[PDB]
Each structure stands twice: as C-alpha cells, then as structure tokens.
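Taking it in order: structure first as structure tokens, then the write-up.
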Amino acid sequence: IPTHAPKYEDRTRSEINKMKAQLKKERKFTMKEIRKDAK
Amino acid sequence: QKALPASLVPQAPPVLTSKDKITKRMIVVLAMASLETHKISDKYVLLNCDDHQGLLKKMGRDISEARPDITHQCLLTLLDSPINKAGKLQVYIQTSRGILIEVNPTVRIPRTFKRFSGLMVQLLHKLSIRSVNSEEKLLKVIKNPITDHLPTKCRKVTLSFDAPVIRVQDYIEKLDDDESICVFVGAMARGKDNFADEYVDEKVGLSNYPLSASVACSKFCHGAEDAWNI
Amino acid sequence: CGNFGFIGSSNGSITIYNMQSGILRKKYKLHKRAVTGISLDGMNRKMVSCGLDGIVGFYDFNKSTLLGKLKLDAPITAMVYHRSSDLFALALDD
Amino acid sequence: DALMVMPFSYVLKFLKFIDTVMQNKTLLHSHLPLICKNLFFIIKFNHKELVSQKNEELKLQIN
Amino acid sequence: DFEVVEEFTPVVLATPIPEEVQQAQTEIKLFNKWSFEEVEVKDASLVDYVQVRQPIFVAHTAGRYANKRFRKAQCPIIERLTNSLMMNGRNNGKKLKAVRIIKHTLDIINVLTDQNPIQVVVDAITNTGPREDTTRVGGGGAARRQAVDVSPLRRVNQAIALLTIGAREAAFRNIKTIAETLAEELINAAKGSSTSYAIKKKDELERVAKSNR
Amino acid sequence: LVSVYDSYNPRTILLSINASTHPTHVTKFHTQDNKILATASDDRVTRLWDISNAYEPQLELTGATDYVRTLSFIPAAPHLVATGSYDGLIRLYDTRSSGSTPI
Amino acid sequence: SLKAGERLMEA
Amino acid sequence: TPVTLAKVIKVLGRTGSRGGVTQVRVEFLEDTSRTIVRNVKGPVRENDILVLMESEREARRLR
Amino acid sequence: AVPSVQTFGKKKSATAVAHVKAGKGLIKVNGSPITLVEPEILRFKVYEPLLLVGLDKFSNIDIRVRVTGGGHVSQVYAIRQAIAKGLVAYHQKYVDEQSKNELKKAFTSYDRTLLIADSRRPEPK
RNA sequence: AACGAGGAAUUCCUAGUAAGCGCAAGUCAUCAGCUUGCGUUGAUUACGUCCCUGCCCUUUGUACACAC
C-alpha cells in the first residue's frame, strides 16, 4: 500500500490580515464607547 | 487447464476506511489510551508519564496511568505489521475522554516519541492531518459509537488475560467467510479489563501468561496473517 | 324497502327496475319457460324465483350470485312468500 | 396488581400454601376475609389455565 | 346458467379516456400495473399490522395516521415505505419525488424478479423484522444488556427504517441510483440471502440477544 | 464485464456484472427462462447468471478448449445449451446435472 | 429495595 | 430454530419496570392454555400476537 | 329548464366549483379534458370517483369544474372532492335515492375524505 | 493558503408539528448585518411509564349512601 507523511508544527498578506482585524476590533470598540457616552 | 487473469501485474488493493462497509477486513482498536492536551504558561503539551509530574499531581491523576508510550509502540507495530503491507486492516483509537480517532492505513507514524506526541496534540486540536498529496485527509475523528463505525457483519472480542486461551489461528480460521473481525485491545498499563463489555460478545485469551499490549497485538496479528495466507 | 320492482317475463328472464325513476338496473337469466313468481325476502338479503320448468332459484341480492338451484318434480305455477318466518309455498302442477 | 402479575407456577405453590393454612386452621379463622379475597380473585383471573391443567392432586386439594 | 347483465348499453363518454383507465375501473390496481389480491402477508403476528387488504392507486392518500396510537398501523404499507424513503436531510418535503422514486423501483422489481412487486415488498418487510432485542441494564454501576421481546408494530417500523437506510447508504457513494439499489435491497431481502444491510443488522440484533439473554 | 439494462433508457445502468476479467465475446438472454442470462469470456468458461443474483456465477460451465466464442440454447429443452468453442468440437451441456463436462 | 407482588413471590 | 407464537392478553400495571419495556401476559397461540410472562419493548395493546424464541423461561422485574 | 346541480370542494386553501348538468357525457376540469390535469403522479387521484363508481353513471351527464387557490396537491384533492360530492348531489336531486345511498356507501367504504374535507383545527395541550 | 456535511459536551422537538422553498409588508416601543406576516411541499418515532432525574402532594374519609 502506498504511504505518506503528515503535517504539523506571505508576510504581506499576513500583516494585511492582522491589521484589518485590528481595525475591525477598534471600529467596534469606538462604536460601543461613543454609544455609551451618548446614552 | 485453467487460464490466468488477463493481467497479472502487481497492483495494490485500495486502502480500506470507514466508508467501505462490505469487504472482510481487520479492525484493531487501542482502547482507554492515556492521551490529552493541557496548557502551561504559554503553549499546549500532551501529557506523558515521565516528564510532567508537578502538574500531573496538580491535576490529581496517576503517573503510572498517564503514559502514551504504550500507544506509540502499539500503533507502530500494527501499522508496520505485514498485514497492512497486504492492506487489510485499519485502526481506531478510543480516547480516554471518549473521542474516536480513525487511523487510515496510509499514514507513516513518526517513530520518535516527541514527534509522535506533537502529532497527537495537533490532531487533538485540529481534528485532522493531510499528507504530502494533501488530497485525502489522513487521521480522521469520528463520533460514538464504534459499532456505528464498524463493518456490518463482524465479531466483538476483547483480549483479556482471565479469558481462556484459544489459538488465534484456530479461531480466525473457524470464523465465517464474510465475517470481519474487530478486536478491542486494552492499552491501559495495568488494571481491570471490564470496559468494552457492552460492545463485546466475548473475552478471549491467547496464553496462560500476562502480556504487554503491543506483544499481544503482534501475536493476534500474526495469527491473522497465518490464517489469511500472506 | 319500497324501491325495487321485479318483473318476471314469459321467457325465463327477470328484470329489476328501480321504481322512483322508471330506470332499469338489473337483469337475471336463469329460467327458460315463463317465470311463475318472484319474492324478495323481507331483509333485502335473498330473492327466490319460481319457474314453470319446475325450477326454483335462490339468489343473493345484496351480492349478485346464484346461491342455489332446486329442481322439483312438477311444473311450478304459484308461489307466496312469508317474511316474518322466511318461508314460502309453491302450488305445483301435480 | 400483585395477584395479577403472579405467574402460574407460583399460583400452584400458593394453592399448596393455602392447603397448609387450612391445616393450620386457627390462622384461617384469624384471617378469614383476606384469604377468601386472595383465593377467589386469583382463581377468577387465572381461571382458564388452572382448569386447563390436569392434576388429581390439584383436584383433591381444591376439594 | 346464471348470467347477470347490469350493463345494457356500451359505456362511451364523449371525453376521450385511456383504455387502460377503463381496465382499472374494472379492477383497481396499484399504479395500474399491479393488483392487490393473491397478496398475502405470509406471517402471522404481522397479518393485521401491515394493511394490505386495501387497494390504492397512488401511494399518496394523505390521511390522519398519527393521532391515536395505531392509526399508523392502519395506514397502508406502500405509503409507509414512501414516507420513510423521503425522510432524509435534503429530501424533507418532496413527496412527489419519493413517489416517483418508489414507482420506478417497483418497475425494476417487476422486470427483474418477475413475480410481483407488492408481494416481494411484503416478504422483505416480514423477513427483515427483528424478533428479539436487548436494552442496556440499569446496572447501578455494571453496564450490560438484557434480552427483551419486540412488538409487531415496532418490528414493522424497524424493518422499514433498516430497508430504506440501507438503500440510501448503498446508493450513497457510487454511480448507481437509489431506485436501483433499493430494488437490490428488496430483492435480496425477499431471498433472505444474508447479503443485504437489512438482514445483516437483523442477525446482529438477534445474535446479541441470543448471547446475553 | 456486462452491462444489463432496460431498452430505451441509456440513463439507467440497471446492473453491471463482473465476470472473469478476460474480455467477453458472447452474451445472450435465455429463450425459455427470462431471468437467466448467459455469457462467456476468453477464460473459455461460460457462465450462466441469474439476473436476480448479480454476484456469484449461478452456474459456471467448463469442458471447452480454446477461446469460446458462440453459444445458443435449445428451444424445446430449457436445460440444454450448446456452445461453439473456437477449436471446433461443438459441446452440448445439460444444466440440471453437475455440468462440469458437456453431455 | 423490592416491589410488591415480587415480595410475595420470593416469600 | 423452533419459533413460537404467543398472544398478548392483558398489559400489566403499576409494575416496577423500565421506561419503554413492559411486563405482559402471553398465551401460547397453538396451545391455548399455557401462559407465560414476557417483556415487550415496542408499543402494544391487548389481544395481539407476537413471536418468541425462548418458549420456556419466565420473566422477571428489571430493577 | 336544464337539470342542474352545483357543489364545492376545499383543501388547504383551494376552491373547486363543480357544475353538473344532464347532457352529452363528458368531464372537463376548467376548459381542458380531465385526462390532462398535469401532475401525472396524481391524475388517478383525480379519476378516483370515475373509476370507483364505473362510467355510465357519468355517461348520462356533463360535469364542468373550475379550480383555484392552493397549489398542486391541494388542487387535485379539491377536484376529487368536488367531483364526488357533485355526483352524489345530482343523483339525489334528479335520479333515484337508491343510487344516492349506495354511492354514498361506496365512497365511505373507500375513503371518507371524498365527502367531508377535514377542517384540521389546531389543538391545545 | 484553505477547506470533502463539521469532535467531546450541552441545548431544543410529538401533527399541518420537524425540515425544506419564494413572494410581501416595515405599523408611535424593537427591526435593516435585519424584523413580522402570508402562502405552497409535508414525514420519522412515543401518545407510554414513575425504574433513574428532579418537582409536587398528601400522609385524619367528614361527603350522606351502597360498597373497601
């Protein structure tokens, strides 16, 4: 029978993803804080 | 007097997995295996008996218990037993927590224990691994019950020391033609053999001697090839 | 039940006419001379025909079969039924 | 419920018990009603099987 | 010679009608290709639980069969099979699909096994009904099985479920289609040839009961 | 293999039967039974299948010599099959016997 | 413990 | 394997059983006298017949 | 005057009006012969009255139906209902009561839903 | 680079109910990352039991026969 080997443990796209997630987090946070301020 | 098949060139039989539920095959399961992942802070680690004792005590379980070496050598010896080179068996890990890990007969285990443990932790988290092709998943994870995951017409036997000795060659050769075989093997180091009783139809012994789990697996596997003319 | 009018012809046939609308519904061909009488039992259940060929026929009428054919000796000419006791009488030729 | 669910062999054993009680006549008069109720209800429920059986000893004891 | 004549004049509507249709009205038949007489449930303890004394033209007579306890029993058998067949993950709510499916299956049945679809269906259901099951003991700490007996309505339900599920998983990963493999299932069960998912599971249940009585 | 499926419907592969791996030159239906289908393949062994049982050869039939490439049935006898082998020497078989050798 | 009926059964 | 046919007569009551299984009295179908008690798992009513493998062993409570 | 009788049929939210006249012996579900109601898995669930009572009872008269509302299955059930009810109503108005009563008996032998649609009311608990 | 129906645990469901499928409205609160109506297609399996899991109750007939 044929055999195989398993798997286990782009910087531009990586930093894009991390920074976009950061931005989304921040946008949600500033919504919520301004909203509490307003109330 | 009788001709030969149009081809006779060597051609490997296809791998057997849980999707095929017809052809007679061999089902080996490692049971009650001591396998779980904890966190130390910053990273996750699989338990091993010898190396994680302050936190093993903190959790409260037994060093003599939480040993996955047994699993490693058992799994290796099954995977490199001749019957798999004939391509006729597959294995199922019954986790101590309850998970089912079905081990496809196409994998090659990493032989050193640290690499093996890395594989086990990565599997426990991501629930799968792919190969060099990465076109079919290698180590799959599945639900209770094993009976739902076994070939339809099979037998339910657990290799227990107390059970009477029966010669594996004899019993396999008595087994019927489309009668696949599952064997529930207690991997746990030392204790009772009364866990799969509701699944099993009988307990079976192969000697008047106690055995190491891997050695018992090797013996039973050996009888299987001897019956199946390999 | 005041619905069904039975004719017995002079050529062995029986016709069952529904009476409210003058329509015809059913026919029976057993006898071959004139049919000297018909009765339907008080239960709508069975119906007996007596015929000059010295033959009586017992018919199931809720179904449509021939329960029986009883051939007597003499030609039969008269017939009268009694429903309270389910029996009839035949004035013969002899 | 109890007398209903009681199975047939146990019915037979119960009859032999009542025989022993009658021989222990004093208990009979100490508890006449309850014994009467038990007996009549049990036979009136298992009636057909009991009559179906064939045993001269049973005949004598029910006499 | 006794001969009723209820039909005085030829019956000819001014609407064109299929000749096969007037043959049907001469005698009710299922789908027009199959009767219901000489059609016995060959098994007592089932004879009055699989209602096959009732003729029906299509398997879709929508009824009140799940209000009392056993109106489910009184429902005809083919309707049961059709509905259990449409019971699927993406087949919920397509009964026209289910009925087309079963019609084509029975056509295959009649073509291959010449005798009679309905008779074969009944035979399959009876021969696949399990007959002695187990239930996990209460134990109070020791878990095992206890052997118990199974009532006829349960038997029929189990048989229908096993038949359709076996057919599905058979047709699941291949090129064949569910009609084809369900025909395989019914024919194989009618033989009782130990080589269908139905009979296999039935044997497992009965054998474990036998074992751990 | 043989594909057996109902006329006018190329969409349905009603059944696919896998006999011996050598190519099959001759396939036919019976004429006295309608559920018995005969085939032969270069394996020189002619196999009668019953279309109700798709898996095991209902009756294998040997005694041929070389490259069997014809057979036919006898109308009157629903048990008599003739095979034209390709070495000449027509064989006549009766199925209700063991059948290993021709009649 | 046990239930009635069964009690009398063993007794 | 000698199968047997039995007729469920009367479904017991107030009995300590498990959820979904019931004590029940069965009367042999070809022998209209013998009665046994068995455990049934599906739904059931009176007066309906059933198939048995173990034509002899009477039944018990299931705790 | 023309002998004339009308009835109704109602499944889920489907209306089926059915005129029944004495005439040339045909059957028309809304301007197209009953052989072409389209579902084709249910056309016999439409025929069911025709067949179950036999034809001449229809050979005498003309039945026109029109249907609306609901969908496929509901409209087929509605037509079968309206046909059957219309047949019995006509045979109890202008023809004999024996035909009436025995037709009603044949239908209620087979399946009562041809006569009284169930208004399948919701239920408490 | 990912993924082939989605593990372990826990949550809901008994009839036009489960689950499908599209049109429409936006009603002084709430709802556009949606919200509510209206249709059409329409099942599986208990309808039992207090054994387990909890919860309740009562543990004095008081009501007026005959009956336990």
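Cβ sites come from the backbone with ideal geometry, for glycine too, and all protein chains shown count toward neighbours. Since every read-out is calculated from the coordinates, none of them should be taken as a lab result.
Observations on the structure shown:
- Those strands (runs of 3 or more DSSP E) lying entirely in the range B:8-48 with at least 2 residues within 17 Å of B:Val91 (Cβ to Cβ) and within 19 Å of the chain's Cα centre (by Cα): B:26-33
- The sole residue among I:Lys57, I:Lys11, I:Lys24, I:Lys28 that is within 16 Å of RNA strand J (Cβ to nearest atom), among the basic types (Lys, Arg) and within 12 Å of chain E (Cβ to nearest Cβ) is I:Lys11.
- Selection within the range D:4-35 - more than 17 Å from H:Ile36 (Cβ to Cβ) and under 13 Å from the mean Cα position of the chain (by Cα): D:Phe14, D:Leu15, D:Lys16, D:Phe17, D:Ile18, D:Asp19, D:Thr20, D:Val21, D:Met22, D:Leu34, D:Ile35
- Failed item, numbered, when F:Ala19 is tested on (1) under 26 Å from E:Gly192 (Cβ atoms); (2) among the aliphatic types (A, V, I, L, M); (3) more than 14 Å from chain B (Cβ to nearest Cβ): (3)
- Residue match in the range B:213-230 (condition: in contact with a helix residue (DSSP H, G or I) (Cβ under 7 Å, 6 or more places away or on another chain), surrounded by fewer than 18 Cβ atoms within 10 Å (Cβ to Cβ) and within 14 Å of another protein chain (Cβ to nearest Cβ)): yes
- A Cβ distance below 7 Å, combined with a sequence gap of six or more or placement on separate chains, defines the contacts here; from the range E:46-72, residues that are basic (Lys, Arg) reach residues that are loosely packed, with under 14 Cβ neighbours inside 10 Å and not in a loop (DSSP other than H, G, I, E, B) in the pairs E:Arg64/E:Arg71.
- Within the range D:23-51, the set of residues being of a type in the set (D, E, K, R), away from chain H (no Cβ under 14 Å) and within 16 Å of RNA strand J (Cβ to nearest atom) comprises just one member, D:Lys37.
- Being more than 14 Å from every other protein chain (Cβ to nearest Cβ) and more than 29 Å from H:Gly13 (Cα to Cα) is a property that D:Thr20 lacks.
- Test: residue in the range C:21-43 that is of a type in the set (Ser, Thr, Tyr) and closer than 20 Å to I:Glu97 by Cα: yes
- Residue within the range B:2-25 that is in contact with an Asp or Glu (Cβ under 6 Å, 6 or more places away or on another chain) and within 14 Å of chain F (Cβ to nearest Cβ) present: yes
- Filtered residue count, the range H:11-24, keeping only those that are in a strand (DSSP E or B) and within 8 Å of chain D (Cβ to nearest Cβ): 1
- Near pairs, Cβ below 6 angstrom, 6+ apart or cross-chain, from the range B:119-140 (within 20 Å of B:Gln94 (Cβ to Cβ)) to any residue that is aliphatic (A, V, I, L, M) and near RNA strand J (Cβ under 7 Å from one of its atoms): B:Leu127/B:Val141
- Considering (1) closer than 20 Å to H:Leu50 by Cα; (2) within 15 Å of RNA strand J (Cβ to nearest atom); (3) not charged (D, E, K, R), the lone condition that E:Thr126 does not fulfil carries the number (2).
- Filtered residues of the range B:123-146 (kept if near RNA strand J (Cβ under 9 Å from one of its atoms) and closer than 16 Å to A:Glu9 by Cα): B:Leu124, B:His125, B:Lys126, B:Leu127, B:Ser128, B:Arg130, B:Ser134
- Test: B:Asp176 is among the charged types (D, E, K, R) and either more than 12 Å from every other protein chain (Cβ to nearest Cβ) or closer than 17 Å to B:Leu78 by Cα (or both): no
- Each residue in the range H:13-52 was checked for being within 8 Å of RNA strand J (Cβ to nearest atom) and of a type in the set (D, E, K, R), and 2 pass.
- Flag for E:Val150 being within 16 Å of RNA strand J (Cβ to nearest atom) and among the aliphatic types (A, V, I, L, M): yes
- Checked against (1) closer than 20 Å to I:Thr108 by Cβ; (2) in a strand (DSSP E or B); (3) within 11 Å of another protein chain (Cβ to nearest Cβ); (4) of a type outside the set (S, T, N, Q), I:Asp62 passes all but condition (1).
- Strands (runs of 3 or more DSSP E) lying entirely in the range F:8-98 (those with 2 or more residues that are within 20 Å of E:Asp114 (Cβ to Cβ)): F:15-17, F:26-29, F:36-40, F:46-50
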